[PDB]
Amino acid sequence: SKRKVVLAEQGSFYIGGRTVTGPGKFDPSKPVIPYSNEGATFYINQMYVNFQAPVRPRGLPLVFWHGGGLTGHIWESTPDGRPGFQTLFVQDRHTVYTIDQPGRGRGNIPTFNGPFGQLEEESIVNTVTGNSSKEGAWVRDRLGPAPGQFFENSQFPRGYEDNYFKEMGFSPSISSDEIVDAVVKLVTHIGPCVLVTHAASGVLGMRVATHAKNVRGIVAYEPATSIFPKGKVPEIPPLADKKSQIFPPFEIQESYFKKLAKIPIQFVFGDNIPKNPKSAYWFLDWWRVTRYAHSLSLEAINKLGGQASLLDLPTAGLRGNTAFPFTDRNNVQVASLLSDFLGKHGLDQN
């Protein structure tokens, strides 16, 4: 059965985070409810981790890291209920870790007794939130140029829009340093592994690898922020509206950037990213310039002796993918290309 999965073991655990404290002392004779900050210890910014291990794994464990506003659900199942990459790669004899990063899903949302995110006089995260709409996500993920529209030959699981957009939500303003820190701790716990990232976690996975030699490879689906050595960001054009820019590239010390040259790295992009300026469709143009910036980032890694590559799925014969290729209708073929990358670098061997 394509759906059957045999697990030597499965489970979940929490890792990372810190504690913060309220004032005063806790008295167990006083009413505990309504909950109070008095005498309080709060665990904040911890990460949820799920693992599924096949019988007799072959090669390195994979750590699947959801994109912005998502959770590990996107690796479990597609919106129309087909197997996600978690099942596919357990079947491919890898132990599979799926995370809900701090601030998302089963990860901690740091809030207390008081306005959201505030512990007495300390703002742990902002009370004002941000969150995409269905319409924003539709064009961000390139389902089509405008909400309700689909590109010709789309691989989106059409009809399951409600399921898809229901998986998306806000992220509190946890520092990216603390998100990276949690995953570094996971990588220390797991040992040698491969990070598989998506969108917002693209740049975060690159950062983890510079802090954790156990990261032996990276596959990044549609990364949202580019990374460069400090002071060496190339010229990147504004968008076609002559006012907007892509996400400010993340800059790291060259001593850390050079660590990215020591491992195989592949960035994967779906379809319908325009080649030419598209002033009518902001997020399509955003993707054009963002993919361009990533091509320069990978070049910089390769000029330092790296093993970085850009895979456009259409060049591999796969047409119509959205920015979530691993939950599209052809996600088995997308998984096959990930299996190819792992095999090429011996990451599927013991």
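Residue numbers here begin at 1 and follow the sequence given.
Look at the mean CA B-factor for 229-237 and for 74-82 in the entry; the higher one is 229-237. Of the two segments, 100-108 and 130-138, the one listed with the higher mean B-factor is 130-138 (C-alpha atoms only). Remark: of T197, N272, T188, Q266, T188 shows the highest value [criterion: C-alpha B-factor in the PDB entry].
When the C-alpha B-factors of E251, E167, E161, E222 are read from the PDB record, the largest value belongs to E251. Sorting the modelled residues of the chain by their CA temperature factor places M47 in the lowest third.
When the modelled residues of the chain are ordered by their C-alpha B factor, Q149 lands in the middle third. Among the modelled residues of its chain, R56 has a C-alpha B-factor that falls in the highest third according to the deposited record. Sorting the modelled residues of the chain by their CA temperature factor places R329 in the lowest third.
Among the modelled residues of the chain, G205 sits in the lowest third by CA temperature factor in this PDB entry.
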